[PDB]
Amino acid sequence: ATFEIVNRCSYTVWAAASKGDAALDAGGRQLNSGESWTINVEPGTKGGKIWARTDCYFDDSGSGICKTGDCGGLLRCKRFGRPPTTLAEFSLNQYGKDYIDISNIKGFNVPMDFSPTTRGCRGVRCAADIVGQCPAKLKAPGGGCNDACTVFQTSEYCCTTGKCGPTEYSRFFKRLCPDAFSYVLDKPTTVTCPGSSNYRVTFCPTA
């Protein structure tokens, strides 16, 4: 499956793509404003994620740090990123269909649109100014808007027991972005696409 990752932000981002225990394609790359990076994701990839990282520094060996979404200090991510990270999530070729969503369960750093470039389903978007509107207690000093589980580490926010409800904090993400997961047990906003669809993830789709 091909994913075109486009940075429409006015600032550079360092895109990242991982399935948690491995990189997807090269795993990460710098995307200056307007740049597009096309990756190939193996069919059948389950639990794949694409995200942006902000304010990164990398040396000649691809080691450094990002203010948001750092993945163990690597330019080429092999693991998931440090919250806050807006997430484009996908599971491909799952019983003949692909499943995509956007999630704010690990917070929000950059606005995103995640849409198919092929026929048969719609895209999803979370493009509201969640960092600007972020509740004081969720603001990440390093940048972004943390989810409540990251900040408070409670069973209710982390949905540890599988018995959690929405919260004042999850409702904030849901109000700004109805089409993204706001907490683990949110009413799903997953979109079913034809198996083997292709996609585009656009950072800052509106600006």
# chains A, B, ... in the order shown; residues from 1 in each chain; ligands from 1
call {"tool": "residues_around", "arguments": {"residues": "residue A:112", "least_positions_apart": "4", "cutoff": "6 Å", "atoms": "only C-alpha atoms", "output": "list in words"}}
result
residues 125, 126, 127, 202, 203 and 204 of chain A
call {"tool": "write_last_selection", "arguments": {"atoms": "N, CA, C and O atoms", "output": "CSV table (one decimal), in the first residue's frame"}}
result
chain,number,residue,atom,x,y,z
A,125,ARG,N,-10.5,13.6,9.5
A,125,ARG,CA,-9.7,14.8,9.7
A,125,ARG,C,-9.8,15.2,11.1
A,125,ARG,O,-10.9,15.2,11.7
A,126,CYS,N,-8.7,15.7,11.6
A,126,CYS,CA,-8.7,16.5,12.9
A,126,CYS,C,-7.8,17.7,12.6
A,126,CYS,O,-6.5,17.6,12.8
A,127,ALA,N,-8.4,18.8,12.3
A,127,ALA,CA,-7.7,20.0,11.8
A,127,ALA,C,-7.9,21.2,12.7
A,127,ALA,O,-7.4,22.3,12.4
A,202,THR,N,-2.0,14.2,5.3
A,202,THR,CA,-1.7,15.6,5.1
A,202,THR,C,-1.6,16.3,6.5
A,202,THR,O,-2.6,16.3,7.2
A,203,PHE,N,-0.4,16.8,6.8
A,203,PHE,CA,-0.3,17.6,8.0
A,203,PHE,C,-0.7,19.0,7.7
A,203,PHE,O,-0.4,19.5,6.7
A,204,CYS,N,-1.4,19.6,8.7
A,204,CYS,CA,-2.0,21.0,8.5
A,204,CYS,C,-2.8,21.1,7.2
A,204,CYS,O,-2.5,21.9,6.3
call {"tool": "residues_around", "arguments": {"residues": "residue A:150", "least_positions_apart": "6", "cutoff": "10 Å", "atoms": "only C-alpha atoms", "output": "list in words"}}
result
residues 82, 83, 84, 105, 106, 107, 138, 157 and 158 of chain A
call {"tool": "atom_distance", "arguments": {"atom1": "atom CA of residue A:195", "atom2": "atom CA of residue A:76"}}
result
27.1 Å
call {"tool": "closest_residue", "arguments": {"among": "A:31, A:75, A:92, A:176", "to": "residue A:131", "atoms": "only C-alpha atoms"}}
result
A:176
call {"tool": "closest_residue", "arguments": {"among": "A:80, A:90, A:57, A:37", "to": "residue A:115", "atoms": "only C-alpha atoms"}}
result
A:90
call {"tool": "atom_distance", "arguments": {"atom1": "atom CA of residue A:100", "atom2": "atom CA of residue A:65"}}
result
28.3 Å
call {"tool": "closest_residue", "arguments": {"among": "A:50, A:164, A:39, A:207", "to": "residue A:129", "atoms": "only C-alpha atoms"}}
result
A:207
call {"tool": "select_by_dssp", "arguments": {"residues": "stretch 71-156 of chain A", "states": "alpha helix (DSSP H)", "output": "PyMOL selection string"}}
result
chain A and resi 130-133+148-152+155-156
call {"tool": "closest_residue", "arguments": {"among": "A:29, A:49, A:171, A:19", "to": "residue A:87", "atoms": "only C-alpha atoms"}}
result
A:49
call {"tool": "closest_residue", "arguments": {"among": "A:89, A:70, A:35, A:98", "to": "residue A:1", "atoms": "only C-alpha atoms"}}
result
A:98
call {"tool": "decode", "arguments": {"residues": "stretch 18-56 of chain A", "atoms": "N, CA and C atoms", "output": "PDB file, in the first residue's frame"}}
result
ATOM      1  N   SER A  18       5.433   3.696  11.854  1.00  0.00           N
ATOM      2  CA  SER A  18       5.880   2.510  12.595  1.00  0.00           C
ATOM      3  C   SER A  18       4.705   1.623  12.885  1.00  0.00           C
ATOM      4  N   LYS A  19       4.964   0.314  13.152  1.00  0.00           N
ATOM      5  CA  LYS A  19       3.928  -0.590  13.629  1.00  0.00           C
ATOM      6  C   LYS A  19       4.201  -1.005  15.098  1.00  0.00           C
ATOM      7  N   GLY A  20       5.096  -0.275  15.754  1.00  0.00           N
ATOM      8  CA  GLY A  20       5.373  -0.440  17.180  1.00  0.00           C
ATOM      9  C   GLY A  20       6.583  -1.267  17.522  1.00  0.00           C
ATOM     10  N   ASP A  21       6.809  -2.335  16.750  1.00  0.00           N
ATOM     11  CA  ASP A  21       7.972  -3.209  16.923  1.00  0.00           C
ATOM     12  C   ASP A  21       8.881  -3.134  15.695  1.00  0.00           C
ATOM     13  N   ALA A  22       8.536  -2.259  14.724  1.00  0.00           N
ATOM     14  CA  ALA A  22       9.341  -2.104  13.518  1.00  0.00           C
ATOM     15  C   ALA A  22       8.973  -0.820  12.823  1.00  0.00           C
ATOM     16  N   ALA A  23       9.894  -0.324  11.999  1.00  0.00           N
ATOM     17  CA  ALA A  23       9.635   0.803  11.120  1.00  0.00           C
ATOM     18  C   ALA A  23       8.710   0.336   9.994  1.00  0.00           C
ATOM     19  N   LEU A  24       7.944   1.276   9.441  1.00  0.00           N
ATOM     20  CA  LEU A  24       7.213   1.067   8.198  1.00  0.00           C
ATOM     21  C   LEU A  24       8.045   1.833   7.165  1.00  0.00           C
ATOM     22  N   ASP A  25       8.465   1.154   6.074  1.00  0.00           N
ATOM     23  CA  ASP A  25       9.350   1.759   5.093  1.00  0.00           C
ATOM     24  C   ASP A  25      10.630   2.222   5.841  1.00  0.00           C
ATOM     25  N   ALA A  26      11.147   3.425   5.544  1.00  0.00           N
ATOM     26  CA  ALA A  26      12.323   3.959   6.209  1.00  0.00           C
ATOM     27  C   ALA A  26      12.044   4.411   7.661  1.00  0.00           C
ATOM     28  N   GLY A  27      10.774   4.465   8.055  1.00  0.00           N
ATOM     29  CA  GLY A  27      10.402   4.810   9.424  1.00  0.00           C
ATOM     30  C   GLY A  27      10.296   6.282   9.758  1.00  0.00           C
ATOM     31  N   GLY A  28      11.070   7.136   9.083  1.00  0.00           N
ATOM     32  CA  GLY A  28      11.005   8.561   9.363  1.00  0.00           C
ATOM     33  C   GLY A  28      11.772   9.357   8.344  1.00  0.00           C
ATOM     34  N   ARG A  29      11.407  10.632   8.209  1.00  0.00           N
ATOM     35  CA  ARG A  29      12.085  11.514   7.276  1.00  0.00           C
ATOM     36  C   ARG A  29      11.702  12.929   7.589  1.00  0.00           C
ATOM     37  N   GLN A  30      12.595  13.860   7.280  1.00  0.00           N
ATOM     38  CA  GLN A  30      12.280  15.273   7.414  1.00  0.00           C
ATOM     39  C   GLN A  30      11.382  15.679   6.236  1.00  0.00           C
ATOM     40  N   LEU A  31      10.356  16.487   6.553  1.00  0.00           N
ATOM     41  CA  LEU A  31       9.483  17.055   5.537  1.00  0.00           C
ATOM     42  C   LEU A  31       9.432  18.534   5.762  1.00  0.00           C
ATOM     43  N   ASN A  32      10.155  19.305   4.919  1.00  0.00           N
ATOM     44  CA  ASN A  32      10.015  20.745   5.022  1.00  0.00           C
ATOM     45  C   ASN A  32       8.601  21.124   4.551  1.00  0.00           C
ATOM     46  N   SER A  33       8.216  22.400   4.786  1.00  0.00           N
ATOM     47  CA  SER A  33       6.910  22.864   4.365  1.00  0.00           C
ATOM     48  C   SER A  33       6.688  22.614   2.869  1.00  0.00           C
ATOM     49  N   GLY A  34       5.636  21.877   2.570  1.00  0.00           N
ATOM     50  CA  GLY A  34       5.232  21.572   1.200  1.00  0.00           C
ATOM     51  C   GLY A  34       5.749  20.253   0.670  1.00  0.00           C
ATOM     52  N   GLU A  35       6.739  19.646   1.346  1.00  0.00           N
ATOM     53  CA  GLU A  35       7.310  18.372   0.875  1.00  0.00           C
ATOM     54  C   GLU A  35       6.379  17.184   1.024  1.00  0.00           C
ATOM     55  N   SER A  36       6.530  16.200   0.114  1.00  0.00           N
ATOM     56  CA  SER A  36       5.737  14.981   0.101  1.00  0.00           C
ATOM     57  C   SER A  36       6.704  13.816   0.126  1.00  0.00           C
ATOM     58  N   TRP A  37       6.373  12.818   0.915  1.00  0.00           N
ATOM     59  CA  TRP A  37       7.189  11.616   1.035  1.00  0.00           C
ATOM     60  C   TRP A  37       6.267  10.423   0.798  1.00  0.00           C
ATOM     61  N   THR A  38       6.578   9.588  -0.215  1.00  0.00           N
ATOM     62  CA  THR A  38       5.756   8.418  -0.516  1.00  0.00           C
ATOM     63  C   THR A  38       6.416   7.181   0.088  1.00  0.00           C
ATOM     64  N   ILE A  39       5.649   6.482   0.905  1.00  0.00           N
ATOM     65  CA  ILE A  39       6.106   5.251   1.523  1.00  0.00           C
ATOM     66  C   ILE A  39       5.295   4.073   1.086  1.00  0.00           C
ATOM     67  N   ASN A  40       5.904   2.897   1.228  1.00  0.00           N
ATOM     68  CA  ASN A  40       5.228   1.664   0.934  1.00  0.00           C
ATOM     69  C   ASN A  40       5.067   0.926   2.238  1.00  0.00           C
ATOM     70  N   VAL A  41       3.830   0.545   2.539  1.00  0.00           N
ATOM     71  CA  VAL A  41       3.497  -0.193   3.754  1.00  0.00           C
ATOM     72  C   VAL A  41       3.057  -1.576   3.302  1.00  0.00           C
ATOM     73  N   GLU A  42       3.675  -2.602   3.886  1.00  0.00           N
ATOM     74  CA  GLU A  42       3.338  -3.981   3.521  1.00  0.00           C
ATOM     75  C   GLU A  42       1.847  -4.300   3.709  1.00  0.00           C
ATOM     76  N   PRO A  43       1.170  -4.919   2.715  1.00  0.00           N
ATOM     77  CA  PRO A  43      -0.216  -5.363   2.935  1.00  0.00           C
ATOM     78  C   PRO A  43      -0.288  -6.250   4.185  1.00  0.00           C
ATOM     79  N   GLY A  44      -1.432  -6.206   4.849  1.00  0.00           N
ATOM     80  CA  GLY A  44      -1.636  -6.953   6.092  1.00  0.00           C
ATOM     81  C   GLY A  44      -1.074  -6.290   7.336  1.00  0.00           C
ATOM     82  N   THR A  45      -0.428  -5.092   7.196  1.00  0.00           N
ATOM     83  CA  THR A  45       0.106  -4.383   8.371  1.00  0.00           C
ATOM     84  C   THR A  45      -1.037  -4.085   9.351  1.00  0.00           C
ATOM     85  N   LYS A  46      -0.879  -4.551  10.585  1.00  0.00           N
ATOM     86  CA  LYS A  46      -1.876  -4.368  11.630  1.00  0.00           C
ATOM     87  C   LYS A  46      -1.318  -3.422  12.665  1.00  0.00           C
ATOM     88  N   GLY A  47      -2.095  -2.399  13.001  1.00  0.00           N
ATOM     89  CA  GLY A  47      -1.654  -1.463  14.026  1.00  0.00           C
ATOM     90  C   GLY A  47      -0.519  -0.546  13.602  1.00  0.00           C
ATOM     91  N   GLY A  48      -0.580  -0.107  12.351  1.00  0.00           N
ATOM     92  CA  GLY A  48       0.384   0.846  11.824  1.00  0.00           C
ATOM     93  C   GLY A  48      -0.048   2.256  12.210  1.00  0.00           C
ATOM     94  N   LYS A  49       0.944   3.130  12.371  1.00  0.00           N
ATOM     95  CA  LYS A  49       0.680   4.536  12.731  1.00  0.00           C
ATOM     96  C   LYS A  49       1.616   5.451  11.982  1.00  0.00           C
ATOM     97  N   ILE A  50       1.097   6.634  11.611  1.00  0.00           N
ATOM     98  CA  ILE A  50       1.912   7.677  11.024  1.00  0.00           C
ATOM     99  C   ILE A  50       1.642   8.924  11.872  1.00  0.00           C
ATOM    100  N   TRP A  51       2.714   9.650  12.145  1.00  0.00           N
ATOM    101  CA  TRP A  51       2.574  10.878  12.932  1.00  0.00           C
ATOM    102  C   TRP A  51       3.629  11.862  12.499  1.00  0.00           C
ATOM    103  N   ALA A  52       3.484  13.109  12.957  1.00  0.00           N
ATOM    104  CA  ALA A  52       4.484  14.141  12.747  1.00  0.00           C
ATOM    105  C   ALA A  52       5.239  14.334  14.050  1.00  0.00           C
ATOM    106  N   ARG A  53       6.480  14.742  13.926  1.00  0.00           N
ATOM    107  CA  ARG A  53       7.306  15.135  15.049  1.00  0.00           C
ATOM    108  C   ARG A  53       7.748  16.575  14.839  1.00  0.00           C
ATOM    109  N   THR A  54       7.775  17.372  15.914  1.00  0.00           N
ATOM    110  CA  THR A  54       8.140  18.781  15.775  1.00  0.00           C
ATOM    111  C   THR A  54       9.406  19.113  16.499  1.00  0.00           C
ATOM    112  N   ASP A  55      10.102  20.144  15.996  1.00  0.00           N
ATOM    113  CA  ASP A  55      11.325  20.689  16.601  1.00  0.00           C
ATOM    114  C   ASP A  55      12.345  19.606  16.920  1.00  0.00           C
ATOM    115  N   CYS A  56      12.809  18.946  15.851  1.00  0.00           N
ATOM    116  CA  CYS A  56      13.771  17.843  15.917  1.00  0.00           C
ATOM    117  C   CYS A  56      15.156  18.337  15.585  1.00  0.00           C
TER     118      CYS A  56
END
